[PDB]
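So this first bit is one chain, no partners, the form deposited in one PDB entry, shown in structure tokens.
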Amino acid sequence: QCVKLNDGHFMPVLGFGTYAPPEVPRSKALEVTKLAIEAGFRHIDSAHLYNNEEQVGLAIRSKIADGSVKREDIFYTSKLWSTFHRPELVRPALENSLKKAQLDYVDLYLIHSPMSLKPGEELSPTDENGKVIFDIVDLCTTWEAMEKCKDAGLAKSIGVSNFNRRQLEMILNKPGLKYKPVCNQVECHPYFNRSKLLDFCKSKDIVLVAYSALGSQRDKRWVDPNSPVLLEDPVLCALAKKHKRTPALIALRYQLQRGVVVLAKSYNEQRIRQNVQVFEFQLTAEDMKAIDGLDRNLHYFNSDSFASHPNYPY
């Protein structure tokens, strides 16, 4: 099943998340994306940052070439990284991603983050003390260059990621705006359910796409170990026994019933196949209200290293 976007295109409502940390050998991205397509995923989320577009692209091409799917069946997303916000760098960045993935177009191209960083060869440019150097860019001129990538046919739709309400309206109030963002991809899960931002996006016809919907990978470089584990929540567990499903399936189904497009990362064959069961069952209105009550405005991303940035989203 799909949702219609505000530019006419369609986005599958369950997406496969492809990020894995550097400890995971790069060959795994090829194997698991193939397994994701075989299991039923049609929405595939990647990025320049993830250092896996070559392998994710190869998996998509193989499933087209072996005759399982057609290119028009697959919805592939990439993202413009934050050292490429200056508008003359936007289209070269996208053409680079296409060359690495061996695709002619991406279905969706996002501004990865509102926090511009210094242009250069390094992905996370730092000074002598490991402090990350910021760049001052008007994101409305980044958006202009993004719109040109749409008109060029290199991206079917364009959107944003990690933008707050204030940063969204800075784009919606751009003089001469040609294309609204079709979506805003942000952290979203029952401990941080974004109800206020979701209603705002609904009011402007912008899809909210949830990442870390299963509670994140709890990587210690960015996630505090002492934070509570979402998939161990007692309410999620109670509902998992009730419906004879799992806590992950409850968390995924919660998002679908509130109009949120949901991503799910797994590099485990059996869990990949399990996650497509989300279309098989249904939560009652009372179940939904009990999940609603778990909201704590707890975001797992320790972004506090970067609150200095003028465009810090939190």
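Start at 1 with the first residue shown and count on from there. Whichever C-alpha set is largest while still superposing within 1.5 Å between the two forms counts as the rigid core.
Another form, the form deposited in another entry, is not on view; read the next lines as being about it.
Only one of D127, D151, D219, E88 has its Cα shifted by 2 Å or more between the shown form and the other one after fitting on the core, and that residue is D127. The Cα position of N297 differs by less than 2 Å between the shown form and the other one after fitting on the rigid core.
Annotation: Cα of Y19 displaced by less than 2 Å between the shown form and the other one, core superposition. The gap between the Cα atoms of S303 and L172 is larger in the other entry, by no less than 3 Å, than in this form. Relative to the shown form, the Cα atoms of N129 and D224 move together by 3 Å or more in the other entry.
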